[PDB]
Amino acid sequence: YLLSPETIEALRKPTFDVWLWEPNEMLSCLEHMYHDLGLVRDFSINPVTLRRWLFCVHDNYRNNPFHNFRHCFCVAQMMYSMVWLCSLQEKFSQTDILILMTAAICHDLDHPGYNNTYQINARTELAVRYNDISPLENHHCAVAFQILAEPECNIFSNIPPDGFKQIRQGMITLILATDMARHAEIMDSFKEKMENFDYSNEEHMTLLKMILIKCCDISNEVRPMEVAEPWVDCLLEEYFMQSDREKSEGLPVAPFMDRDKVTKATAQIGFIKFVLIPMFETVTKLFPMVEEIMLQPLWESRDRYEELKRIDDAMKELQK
């Protein structure tokens, strides 16, 4: 739990290998980030509270194949990478940086392993509790502030009330923004503002922060093929658990979750080409350095999966 200076240097890049570490180790990396970004400094975060809070946050993540503490670490680490790559401290206030990192760490708190569609279709407590309005994201966010409501885990204890309101409002906006059901909507608002972006316009900045946490949340394919690939299997593993249960309970099943229809290759080709690449393209208009560091590996991921599908076709064709 004493990060070597080599690790501290690789922790700033999207190439970081998130699979090599264990909870304890990742917990230290996260702790490092808060000190390194000077958040501990500028918000008078009690360095000890920060430690408890991170274990507080860790305990509240479930052992799902995909939506687990490691996913949370990936998102926070990718966010951390982007703060350096795009020199976000020259554009954002320390408050926004805090919002971005805290939102990233807490965005999937207590995820059950079944998406909103299952919650809504099965009429779960979450769905009824949140009236079908992004039940999961709402829950994550609620769990996050319940944690910050425990004095022992309140890393925000030394922030004036005016600041807390601005931080809370910001985190809520960003966590709720990760519901993919809003992807098209958010992307449009953003592409619009982009026609004439203005870092002084508060709405532009909010959309930008919304886009940033969205990129980090689904940025797995931006990492090296060795690091990125296993995440797809973790996600499908979780999805199949849902589809089986849905089939069992007689609830509708989404095609991309049906073993007999989804193939890693075909799935990732469309995800990369129509969701990932386009989103990061919009961001590269503000941060050109992104094209080389994040779009590049995304183009390689796309091509790799396209070639990987030709192999699947030729192979299945060969069997019939």
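The term rigid core refers to the most C-alpha atoms you can superpose between the two forms while keeping them within 1.5 Å. Each residue number is its position in the shown sequence, starting from 1.
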Between 247 to 255 and 33 to 41, which one shows the bigger average Cα displacement from this form in 8 other deposited structures of this protein once the rigid core is aligned?
247 to 255
Given 175 to 183 and 243 to 251, the range whose Cα B-factors average higher in the PDB entry
243 to 251
Which of the two stretches, 126 to 134 or 92 to 100, shows the higher mean Cα temperature factor in the record?
92 to 100
Considering every modelled residue of the chain and its Cα B-factor in the PDB entry, is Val275 in the lowest, middle or highest third?
lowest
Taking the chain's C-alpha temperature factors as the reference, tell me which third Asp162 falls into: lowest, middle or highest.
highest
Using the B-factors in the PDB entry, rank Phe156's C-alpha atom against the chain and give the third, lowest, middle or highest.
middle
Select lowest, middle or highest to describe the third in which the CA B-factor of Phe197 falls within its chain in this entry.
highest
Thinking about Cα B factors across the chain, which third does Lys261 belong to?
highest
